[PDB]
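In what follows, a structure is listed as structure tokens, so that the remarks can point back to it.
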Amino acid sequence: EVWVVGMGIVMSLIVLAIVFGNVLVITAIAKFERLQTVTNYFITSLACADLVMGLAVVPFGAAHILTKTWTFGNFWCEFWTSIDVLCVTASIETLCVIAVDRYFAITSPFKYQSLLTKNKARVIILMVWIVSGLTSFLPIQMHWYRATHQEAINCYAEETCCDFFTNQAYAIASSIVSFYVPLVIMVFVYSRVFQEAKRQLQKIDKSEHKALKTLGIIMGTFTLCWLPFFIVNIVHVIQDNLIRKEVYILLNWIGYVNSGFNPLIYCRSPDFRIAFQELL
Ligand SMILES: CN[C@@H]1CCc2c(ccc(O)c2O)[C@H]1O
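Numbering (PDB author numbering), first residue to last: 30 to 237, 269 to 340.
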């Protein structure tokens, strides 16, 4: 009753769902001119990142786990690691960009038009992707993330193994850039938005519960998917024998699933429902 035929089906289902949802979202945005909006360009960038992550990094990792060997060379292992880091950080930063856009829309409605236009959004997205690619491709391809202990060199020399060993400085300065700062920004933004919504409800009740569900769906999903992995990412370098490799791999694959839940969270507007109904 091997797991090769058991977990493989689950991995295939994950890949199919991730590809299909994001392809549908991108086609719906592109085909119909009624959905082209400044707030929809960030969703397009997020969907592109999720599509690349579901097409490139996931199948090769699944093959590596099931076959238990890395047939390809060292160059493709490095390329795969770089693409993985790039696609994770781009998505996690686009989420914070969306949150800040919503904050600026809600808080200052008179000047919202001037702050965000078609000119600024393109530059913002390009800057996000450039910063994403500056921390992923450059340090990995210039060999600055490597370690010093003997097992790291033994893994590096052999061309039939692809395992992730990292240095302390790279791990800390990568987690800080990729996860914690956007988390703080999103927390502050959504706290302000919730306060404004509560004030408006109080005003209406003075003149004459529904926001907690949306805030939870937006935030708890991201926190539960990505917070556990980065804690052990920080811990495992400091403590040599406090984290096993299997737990690290499992917590890493928990995070990949988060790319499939984005269409359900950010793309269930009635206009999007009409677009999906017309397409299929
Ligand atoms: C092999 N998986 C990698 C390992 C380290 C790492 C990831 C994602 C974002 C980062 O900032 C990282 O440092 C993971 O996707």
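Virtual Cβ for every residue (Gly too), placed ideally from N, Cα, C.
Query	Result
Is residue 249 close to ligand 1? I mean its beta-carbon at under 7 Å from any heavy atom of the ligand.	Shown without residue 249, the model has the chain running from 237 straight on to 269.
Please list, in chain order, all residues of the same chain as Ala91 whose beta carbon is under 7 Å from its beta carbon, the five residues on each side excluded.	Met40
Looking at C-beta atoms only, is the number of pairs between the stretch 75-91 and the stretch 279-293 that lie closer than 8 Å three or more?	no
Mind checking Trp99: buried by the 16 CB within 10 Å criterion, or exposed?	buried
Please report how far the alpha carbon of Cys116 lies from the alpha carbon of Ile159, in whole angstroms.	12 Å
Under 8 Å, do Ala150 and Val67 count as touching if we go by C-beta distance?	yes
Helix, strand or coil: how does DSSP classify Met171 here?	coil
Sort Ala176, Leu95, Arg221, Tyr308 by Cα distance to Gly35 and report the nearest one.	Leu95
Give the straight-line distance between the Cα atoms of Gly162 and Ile112, rounded to the nearest whole angstrom.	9 Å
Say whether the stretch 75-84 touches the stretch 314-322, bearing in mind that this needs 3 or more beta-carbon pairs closer than 8 Å, one atom from each stretch.	yes
Check for me: the alpha helix (DSSP H) holding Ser74 runs from which residue to which?	67-81
In this structure, does DSSP put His93 in helix, strand or coil?	helix
Report the CB separation of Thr73 from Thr118 in whole angstroms; it is logged as a contact under 8 Å.	18 Å between Cβ atoms; not a contact.
Looking at C-alpha atoms only, which residue of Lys60, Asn301, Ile135 is the closest neighbour of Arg228?	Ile135
Check each candidate in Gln197, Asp192, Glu62, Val48 and name the one with the smallest Cα separation from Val317.	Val48
Between which residues of its own chain and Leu124 is the CB-CB distance below 8 Å, once the five residues before and five after are set aside?	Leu75, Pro211, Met215, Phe282
Are three or more beta carbon pairs between the stretch 187-202 and the stretch 139-158 nearer than 8 Å?	no
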